[PDB]
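Note sheet for the following structure.
Number of protein chains: 2
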Amino acid sequence: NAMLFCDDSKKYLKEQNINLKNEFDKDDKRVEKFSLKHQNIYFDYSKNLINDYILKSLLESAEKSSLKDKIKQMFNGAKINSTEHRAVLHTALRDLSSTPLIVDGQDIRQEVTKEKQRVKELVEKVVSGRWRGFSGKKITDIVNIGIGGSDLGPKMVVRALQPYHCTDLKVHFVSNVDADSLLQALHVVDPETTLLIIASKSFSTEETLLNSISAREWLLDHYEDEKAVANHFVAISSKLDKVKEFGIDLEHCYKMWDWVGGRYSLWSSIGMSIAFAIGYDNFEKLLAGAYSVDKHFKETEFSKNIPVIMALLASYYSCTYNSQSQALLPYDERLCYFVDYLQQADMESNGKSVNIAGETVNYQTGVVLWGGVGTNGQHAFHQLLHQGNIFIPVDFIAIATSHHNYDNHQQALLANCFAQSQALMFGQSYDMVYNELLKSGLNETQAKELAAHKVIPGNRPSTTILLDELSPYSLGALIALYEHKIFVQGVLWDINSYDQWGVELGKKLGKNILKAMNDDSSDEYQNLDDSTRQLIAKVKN
Amino acid sequence: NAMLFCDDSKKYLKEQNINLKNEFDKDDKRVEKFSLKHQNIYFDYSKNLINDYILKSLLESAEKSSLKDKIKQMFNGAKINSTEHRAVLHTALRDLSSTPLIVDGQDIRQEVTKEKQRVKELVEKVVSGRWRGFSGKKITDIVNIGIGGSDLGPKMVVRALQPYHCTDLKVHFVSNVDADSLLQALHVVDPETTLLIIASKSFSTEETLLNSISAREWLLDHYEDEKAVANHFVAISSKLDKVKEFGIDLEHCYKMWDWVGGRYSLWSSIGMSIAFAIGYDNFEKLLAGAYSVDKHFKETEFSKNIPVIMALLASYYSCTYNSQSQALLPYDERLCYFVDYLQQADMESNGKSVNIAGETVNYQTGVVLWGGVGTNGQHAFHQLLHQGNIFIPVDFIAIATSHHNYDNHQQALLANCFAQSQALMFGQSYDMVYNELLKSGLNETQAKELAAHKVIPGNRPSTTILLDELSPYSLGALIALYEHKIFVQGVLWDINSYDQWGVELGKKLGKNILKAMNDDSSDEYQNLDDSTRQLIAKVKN
Ligand SMILES: O=P(O)(O)OC[C@H]1O[C@H](OP(=O)(O)O)[C@H](O)[C@@H]1O
Ligand SMILES: O=P(O)(O)OC[C@H]1O[C@H](OP(=O)(O)O)[C@H](O)[C@@H]1O
Ligand SMILES: [Ca+2]
Ligand SMILES: [Ca+2]
């Protein structure tokens, strides 16, 4: 009996027939109405297909929903991950309020602070040269071993904050079970000067198991002494018992709690590889940026709340226009893994077919998130954004100031960013094109023939999110905005954003198939569908 | 009056209600019927929502269409890029047939062969050390400067064939106007030992202009002698006149013809950076692989023609199921830029709203292409593929044998690949889950409460394309399959796959905005919409 977001009312707000050009021409307060600021982030949603009436209707749905209660429940540690009976407390990992928070018998403020102090001490000991390898040498390289949430957030952040690297360590990310991943690291590191991190909440992920065992075999092939493990491995894991079976001391094991989802874990000890690149001070700045957005999100009325507006716009489009994807276009090379990261956060959260009560929902939930770095994407897929016939909401991320003095490059980068949202809004009509082709020197026949092919419909929506700079703090704020967008969408859809039951089956079938690959007399082999059986046969012959 | 692909007939083939499990159970010839082989590529489309009747209907549409004629027209050099009155001859770049081909007065076989011999000689002269920089030193680094089709194909191929690198040169790719891109190269190269490639068909792309000028300024800041340009720059361009204004001799200018689209250009002299990484012999192998697929595509009846089947399945889904995206999942780390590459090839080709006659089409055309490397994607977005409520066709790319001896890693990689397509097909029912939860130790209440959340609907389609290995030849074959898929889809939709008029407007608006940024009394500034005006104001303040 939760409120229905995608109802008849929404599907009919569309009938306002918003024309963006007309709105900007007639409403001199358009930008003021449909933009917000949070510190040095400017959120301009004024090129969206909205007016006052549509935004009001959307905000009413939010106000009528359980959202206000759910925000409080998330921050207070209520078990909002209902199918796993877990709290959802990535927010606590970056808290600066120091308000009381006791969850499941633990003082969360103490737990989080003490674990940060441990990671900080590890990083300082390694960077200072107090940590030595087994043969007595200073560490020069860090290799993170993990997949999904134990890989992508740290990898994305390390790249995004490349200008802030300052520890003299090189940080490498091993993830896929495809041994190419492990080999790219091993080919450029020395066992005597490398610290390996096993990043695994469960300590039983197939890929990370094989990678970690293989890395240990490489280390021990070199040293020929099991005692070397102590100087060359640390672990992060919620499952402290499996860490000791692998051979790692508790003093080299870092905590991860059940209330930290993998795809919300970069803020935890899982982010230690971030700290090993940019230093612990900068890691604190990253967390502080996120905290600023957490405070905004928790305290701000919905009509002025950036993540709530992001969520309402996205769910409005996917409900009313039946769009099945959203495009995210970061106009900075440093953000090259940002789409990949948000794919995980968004799609694994909101790709759900049942509501909290377990009922199959009759409305569409999470859509495909995709995109690409600008300006490059302009020469790859923006043709489709401009002249295709797919409805796709677009977010642009712009960074006002970069990390260098090529000011002509930076100005062109921004001009392009802004031109692309302007082009989506305006398009170009048959009459504009036809007249332009005549002025180019085409005769009437030629111009008539070509003009239709150059028509760009326009009236296509976008949001632009402008940062003053891409720093640890502003990046942390940017990520947190999207974390909260995703939460709001899940609440409005009445789904559990924080479980992931859909992946279990493939893990089981994978074990079965590996058995079938190694024994064709097995029940596993006999029960295969014939597509799977012949694929296995082809990778033997 | 072209044939309509997405007609009432198609929209109703859906009513067959294909159940994949039932089909594999009842049809012991399912795989034989719905798989094809081309040399050492195995194409298994048997997990698609098809049976004999649906495939027959689809093949009838292809047979009734202009496709047979259009294939001949493409290879013969007819002006199938109708809006630009151009031939479309990327196929000729890799030809091994040596059949007669005279287009626009040129002997295409002679033109292509002579240009290859020039690139081969350049690569040998640089690799051998006969090419010296201006101070007399051997080259160690190659920097490609280009964007879109002048960047992504070469970048993707160089990564994909990393195990085959053999020239002792490091190859770097500068593309975005964001100066981070140029700086990542300049920070690790020495002007005295670097050869720079300006890859630009037009020689007037904004980004490449700024990058090339900036690179020249860096070179000349070092040498302080304009004569050094001759030893440190080469150009690829269809526009030989602009190359000389930049300062580059014709002897250092490589050809590009109008009939080579940018997004089909890696096979041309634009691919020289590929050759500088893997050697010219391996570049020939890459072209030979593509040729093998060109011969397959041109000569094979439609029912056994892999690109035609790929196209029919894709357009069937996007017509009948109204899907708006397709997922491409390469199970090899080396293919990390393959989705990015195919996004350009597919979306910039088929993101079109008018037919060849210029009429607005009433059916959906090109959809969003996205995806991600496996197994990593399993921990990011496969949750949505399994339990979301979006219909998304899925292609898996598997490689039977890798480039190392971690056979346990490779077997797990493949088991996962096959498990994921198997999981999409089968899913898991409420009854299976409920019974499993009881056997796990949950009581009836608990199992009832959780079971619905673990239901995986299944009956979701996939294709698996299996290569024996990822070599220059097999990669070339793989890319060509998709080039021809895209061509077939465009023909069936009656669109021009080979123009890109939609990007022009944003280039114009970008020039206007840059003027507005530098002069607020300009007409450009006064004509801005207020969203654009305030974004410009915010990146000054
Ligand atoms: O080794 P651990 O950190 O336990 O798990 C690794 C990753 O696997 C999970 O994905 P999924 O839930 O399998 O889709 C998360 O992405 C998590 O970070
Ligand atoms: O410098 P040149 O090679 O002339 O062009 C660079 C790139 O720009 C084009 O994109 P679009 O047509 O602008 O979307 C192609 O991707 C081309 O390779
Ligand atoms: Ca209320
Ligand atoms: Ca026919």
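Here the protein sequences come in this chain order: C and V.
Under the working numbering, the letters of the first sequence match residues 156 to 696, in that order.
Under the working numbering, the letters of the second sequence match residues 156 to 696, in that order.
Cβ atoms here follow ideal geometry from the backbone N, Cα and C, with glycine treated the same way.
So what does DSSP say about residue i, is it helix, strand or coil?
i               : result
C321 of chain C : coil
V549 of chain C : strand
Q583 of chain V : strand
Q601 of chain V : helix
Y435 of chain C : helix
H327 of chain C : strand
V415 of chain V : coil
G526 of chain V : strand
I300 of chain V : strand
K292 of chain C : coil
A233 of chain C : coil
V243 of chain V : coil
From this set, the options, which residue's C-alpha is nearest residue i's C-alpha?
i                      : options                           : result
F328 of chain V        : V:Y492, V:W412 and V:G521         : V:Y492
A635 of chain C        : C:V312, C:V389, C:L664 and C:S201 : C:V312
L316 of chain C        : C:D684, C:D649, C:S629 and C:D654 : C:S629
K292 of chain V        : V:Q339, V:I302 and V:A383         : V:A383
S626 of chain V        : V:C572, V:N563, V:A445 and V:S504 : V:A445
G308 of chain V        : V:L213, V:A354 and V:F289         : V:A354
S201 of chain C        : C:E215, C:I173 and C:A385         : C:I173
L467 of chain C        : C:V646, C:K181, C:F401 and C:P485 : C:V646
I302 of chain C        : C:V343, C:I235, C:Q566 and C:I352 : C:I352
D250 of chain C        : C:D404, C:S423, C:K410 and C:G543 : C:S423
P346 of chain C        : C:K166, C:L324 and C:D376         : C:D376
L569 of chain V        : V:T619, V:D586, V:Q583 and V:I611 : V:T619
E488 of chain C        : V:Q261, V:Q339, V:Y208 and V:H407 : V:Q339
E187 of chain V        : C:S686, C:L597, C:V694 and C:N696 : C:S686
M465 of chain C        : C:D678, C:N696, C:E215 and C:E638 : C:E638
residue 767 of chain C : C:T246, C:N505 and C:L204         : Absent from the structure is residue 767 of chain C, since the part of chain C shown begins at 156 and ends at 696.
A606 of chain V        : C:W656, C:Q577 and C:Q601         : C:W656
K663 of chain C        : V:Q575, V:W648, V:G613 and V:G434 : V:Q575
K166 of chain V        : V:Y472, V:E624 and V:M672         : V:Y472
Can you find a heavy atom of ligand 2 that lies under 7 Å from the Cβ of residue i?
i               : result
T238 of chain V : no
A482 of chain C : no
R418 of chain V : yes
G304 of chain V : yes
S336 of chain V : no
Looking at residue i and ligand 4, is the gap between the Cβ and the nearest heavy atom below 7 Å?
i               : result
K440 of chain V : no
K166 of chain C : no
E218 of chain V : yes
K223 of chain V : yes
Can you find a heavy atom of ligand 1 that lies under 7 Å from the Cβ of residue i?
i               : result
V658 of chain C : yes
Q655 of chain C : yes
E400 of chain V : no
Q542 of chain V : no
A354 of chain C : yes
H534 of chain V : yes
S423 of chain C : no
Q538 of chain V : yes
Can you list the alpha helix (DSSP H) stretches of 4 or more residues lying completely in the stretch 463-521 of chain C, in chain order? 493-505
Just by C-beta distance, which residues in the stretch 636-655 of chain C are closer than 9 Å to chain V? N651, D654 and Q655
Listed from N- to C-terminal order along the chain, which residues in the stretch 190-202 of chain C have their beta-carbon within a distance smaller than 7 Å of any beta-carbon of chain V? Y197, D199, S201 and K202
Interfacial residues, the stretch 311-337 of chain C to chain V, with Cβ spacing under 7 Å: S330, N331, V332, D333, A334, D335 and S336
Please list the segments of the alpha helix (DSSP H) lying wholly inside the stretch 190-217 of chain V, counting only runs of 4 or more residues, in order along the chain. none
Could you list the residues in the stretch 233-258 of chain V with a C-beta less than 7 Å from some C-beta on chain C, going in chain order? Closer than 7 Å at the C-beta level to chain C, one finds these residues of the stretch 233-258 of chain V: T238.
Taking Cβ-Cβ distances below 8 Å as the criterion, which residues of the stretch 590-618 of chain C are in contact with chain V? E604, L605, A606, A607, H608, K609, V610, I611 and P612
Output needed in chain order: residues of the stretch 364-383 of chain V with a Cβ under 7 Å from some Cβ in chain C. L365 and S369
Closer than 7 Å, Cβ to Cβ, to anything on chain C: give me those residues from the stretch 405-435 of chain V, in chain order. none
Those runs of the beta strand (DSSP E) which lie wholly inside the stretch 597-679 of chain C and span at least 3 residues: 617-624
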